[PDB]
């Protein structure tokens, strides 16, 4: 499972589980900013990785540049977006017949994930856990090209409800996607004491999506 691949700033370290099935969808999992202790082994990041793995995806989580054994210097976002595109290119190189992808990102990783979504038409679903629309600029989502899940806590002081609600309201004006927006009572930015609750919602969301629900009629 331990892998090293090349990104624009040098080596990027990752954890990789190929699907046992042919042409399986790919999931890329993206971690928080190091100011909030983000790495590919944060529990929420690991649990996201595990959720996709258990549902038969080819799955990759990885450390952004400067984190762990990943080379380079952390930057405001452009480099990390480039890292994420490199990581997806790498898994796709190994799985050329996977035709679809999901991205799941937590905190800063949700911002990078939604930027990747905008650039990569094969990404047909996303999860954005605790996005920070008062800290990072999400106006590039116009329109958001895919249905997905936004999940945040009502005790979050880093990215408050009012801010997440404004982003979701803007997205919900876009015909042809469904934004599933769950707010968890008592969850802070780190979902302290609420990780099981968070992961059960992400699991339910993915199961319903794999059943063909929670997207509009095309």
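Numbering follows the first chain given and starts at 1.
Item to complete: Averaging the C-alpha B factors as listed in the entry, name the stretch that ends up higher: 158-166 or 63-71.
Response: Higher mean C-alpha B-factor: 63-71.
Practice prompt. Name the higher of the two by mean Cα B-factor in the PDB entry, 79-87 versus 101-109.
Written response: Higher mean C-alpha B-factor in the PDB entry: 79-87.
Worksheet item: Based on the PDB record, which member of 116, 130, 94, 127 exhibits the highest Cα temperature factor?
Response: Highest C-alpha B-factor among the listed residues goes to 94.
Discussion item. Quick check on the deposited entry: does the C-alpha B-factor of residue 181 sit in the lowest, middle or highest third of its chain?
Written reply: Tercile = lowest for this residue's CA B-factor.
Worksheet entry | Third of the chain, ranked by Cα B-factor, where residue 199 sits | Bottom third by C-alpha B-factor.
Worksheet item: Looking at the C-alpha B-factor of residue 152, is it in the lowest, middle or highest third of its chain?
Response: Bottom third by C-alpha B-factor.
Worksheet entry | Relative C-alpha B-factor of residue 56, binned into the chain's lowest, middle or highest third | As the PDB entry reports it, the C-alpha B-factor of residue 56 lands in the highest third of its chain.
Practice prompt. Using the B-factor values recorded in the entry, state whether the Cα atom of residue 190 falls in the lowest, middle or highest third among the modelled residues of its chain.
Written response: According to the entry, residue 190 has a C-alpha B-factor in the chain's middle third.
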